[PDB]
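Just the one chain here, the form deposited in one PDB entry, laid out as structure tokens.
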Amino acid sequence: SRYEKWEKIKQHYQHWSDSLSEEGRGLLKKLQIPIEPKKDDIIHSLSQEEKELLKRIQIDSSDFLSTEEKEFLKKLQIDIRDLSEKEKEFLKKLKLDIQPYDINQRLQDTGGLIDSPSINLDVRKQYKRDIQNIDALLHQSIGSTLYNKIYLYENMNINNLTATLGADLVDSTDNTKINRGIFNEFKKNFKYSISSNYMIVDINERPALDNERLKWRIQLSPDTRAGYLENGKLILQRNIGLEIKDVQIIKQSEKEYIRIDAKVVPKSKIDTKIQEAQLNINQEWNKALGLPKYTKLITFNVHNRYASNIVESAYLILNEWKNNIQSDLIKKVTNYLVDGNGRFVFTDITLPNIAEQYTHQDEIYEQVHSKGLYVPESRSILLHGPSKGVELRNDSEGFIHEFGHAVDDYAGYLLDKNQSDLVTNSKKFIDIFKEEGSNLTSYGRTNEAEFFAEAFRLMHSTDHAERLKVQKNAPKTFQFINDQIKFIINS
């Protein structure tokens, strides 16, 4: 029964609990409840000019802020009151000062690569101290008597794993039901999972919050280390692997959920699978694209809870890429990327924590997290699995947008090989952007490079209506891009 189970586990950990120092207990509380930035500090730091600037900014308009970041900045605005390049620059620096201190989020965002230079040095070092301390606290395993007598439970927002499927998971017609087509897409390549942070799990299953439609049931290993937390919870050691055993729809009080049955396994077992897959997909695509033996183009940087889908979807994404773009274009541009040690990075950690970005972007205010990125300095395409591109149907479309940036790069390279610029920085394209730049997607308005990439993506849609739309509504752009493709292919 529930309370017998709770009693047994609490008692198992009673000596551990009683042995905790005040610092140890304080750290565990710090872990459960992140420390929010103080609005007072921020506002006092601002000058009259910036206060004047912040007062007028339409925060909703920002494309590069999270909902939570927007709320906080909205509250800042509210406390002060009582689209342009200059405004974007100010927000990019200010976004730095508004991050909560959140150990589990730092671990998830970095996949445990906590030296990544994506947060200020002082806080970066404090995270490291705290994580080392918590690691040392968690020395006691669940054991051989309890591991197969108890399940542990975790409710989860599907957007943590895939916001792309999360958009459609709940039946649009009926709150209470799960879309079974979307369910099947979720389940298809979900075979293993990694926890890079400290899982906080319930001893007895609890009702999910409204935005949580995933209900994990987890079997621990006898060797899994953990600590008891008040109110019938365990905190699990970080860096564990999970094998997915079963994924099914369940119904609790007339409301449908996805049950995920998982079993804890050594993380090394899963990491080995990811590394083997990485070699296999490179071997396949080296042969397909006629790349030299031993070329390392594709990288799996995979550390989080939808791990196997990052891997499996990379195959599908590259297939869609090859199926929708001219072969000569794909071969010439990819060879150019490889010549500069470029990578296709598929990842479930945030993009500022990817070396192909941060090695070339020292300033945090210049680092970007997004669905995807092209980094000319490393000739790399980065694609973030869990997020959803706002105007995209699927992840393949995001990859093709980034490949459009690589096309822009190579086309510009061919024009002047010794000083290599983007073709979107040419006079011809700048004039075209200023004329037609509002005629396609909302995001395509951002600047020349994004307009090119968005037009390129739409021109290679599986929806022929979308290619037509570009030709009709942005004819100069359509022609320009086809001219660049011909230019590259005839080189």
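Numbers for residues come from their place in the sequence shown, where the first is 1.
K128, modelled here, also has coordinates in every other compared entry of this protein that models residues flanking it, well short of the third needed to call it frequently missing. Of the other entries compared for this protein that flank it with modelled residues, all give atoms for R238, so not even a third lack it.
The gap between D82 and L83 holds 10 or more unmodelled residues of the deposited sequence. Comparing 268 to 276 with 172 to 180, the higher mean C-alpha B-factor in the PDB entry belongs to 172 to 180. If you average the C-alpha B-factors over 101 to 109 and over 331 to 339, the higher value belongs to 331 to 339. For the set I78, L161, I258, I114, the PDB entry puts the maximum C-alpha B factor at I78. Comparing the C-alpha B-factors of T424, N447, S61, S442 in the entry, the top value falls on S61. Per-chain ranking of the deposited C-alpha B factor places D348 in the lowest third. When all modelled residues of the chain are sorted by CA temperature factor, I57 is found within the highest third. Split the chain's modelled residues into thirds by C-alpha temperature factor. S21 is in the highest one. In this PDB entry, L28 carries a Cα temperature factor that places it within the middle third of its chain's modelled residues. Sort the modelled residues of the chain by CA B factor and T477 lands in the lowest third.
The form deposited in another entry is left out here; the points below concern that form.
Look at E212, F64, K38, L414: the residue sitting at the hinge between the shown form and the other one, where one rigid part turns on the other, is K38.
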